[PDB]
């Protein structure tokens, strides 16, 4: 489980970070599919490798450590997480939760996140943006909920509600910004379902998930969202449709990570612009 995401450990990490930077983030951004360039474009940044933060969880992309990036974006103070902790990697609940709880103590009020997802809904097109308006946490309904274990009262309640988990005001703003900027047609809202992974979904699985009312399927994000809502951080989440789910076994169509990465790199520029323009218009401030 590594180090417990309790108030004492989370404070020690926040304080270490606060010695490394004077940027107090209002907005946290977890870089997923399509956000690689956003991460790169933060103004007046300070980059802190995970390896330099005692008790911060460790992750790499082929040996290269993840980073926390502080600075501004559209004139608002941000922390960007470049490097995520996916459960199919075997990370514990505490490992995944600790960074989100650190954001809470640093001052984050709003969390923005992207991911790659397979398009289940038959109206979706490759490269579409699907704003999350709800989710189905399959691991969580099992006994693999990120909050399973003693509750950390300092951060939230034993039985958190997930009613308005995907803040309806942030969703309205995101849609407006897309419409205003000419790409409203690329933007949908939908139900995201988590497959613990790391296998792509079989056609029978995709058919089942579609019939359950799911619009997109992915392997990430929900656990971070749950920790965020648990501690009162407002959440905005987007899936980039990186492949269209195959519903028939007798198809030679096949999911592959290469094409998922490619759709991500191709949409990165537009996704960056969307996020920067949302941020410019975020409520208050």
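Numbering follows the first chain given and starts at 1.
Trainee: Tell whether, across the other compared PDB entries, at least a third have no coordinates for residue 65.
Mentor: No, modelled in all of them.
Trainee: Would you please confirm whether residue 254 lacks atomic coordinates in a third or more of the other entries that were compared?
Mentor: It is, since residue 254 is left out of at least a third of the other entries that model both flanking stretches.
Trainee: Tell me which stretch has the larger mean Cα B-factor in this entry, 41-49 or 59-67.
Mentor: Stretch with the greater average CA B-factor: 41-49.
Trainee: Per the PDB record, is the mean Cα temperature factor higher over 180-188 or over 106-114?
Mentor: According to the entry, 180-188 carries the higher average C-alpha B-factor.
Trainee: In the PDB entry, which of 158, 171, 135, 77 has its C-alpha at the highest B-factor?
Mentor: Highest C-alpha B-factor among the listed options: 77.
Trainee: Checking the record values for 242, 256, 221, 245, which has the greatest CA B factor?
Mentor: Each of 242, 256, 221, 245 was compared by C-alpha B-factor; the highest is 256.
Trainee: Ordered by C-alpha B-factor within the chain, which third holds residue 263? Give me lowest, middle or highest, please.
Mentor: Tercile = middle for this residue's CA B-factor.
Trainee: Could you say whether, by C-alpha temperature factor, residue 35 belongs to the lowest, middle or highest third of its chain?
Mentor: Tercile = highest for this residue's CA B-factor.
Trainee: Mind checking which third residue 152 falls in for C-alpha B-factor across the chain?
Mentor: Middle third, going by the recorded CA B-factors of the chain.
Trainee: Relative to the other modelled residues in the chain, which third contains the C-alpha temperature factor of residue 196: lowest, middle or highest?
Mentor: Tercile = lowest for this residue's CA B-factor.
Trainee: Check where residue 164 lands among this chain's C-alpha B-factors and tell me if it's the lowest, middle or highest third.
Mentor: As the PDB entry reports it, the C-alpha B-factor of residue 164 lands in the highest third of its chain.
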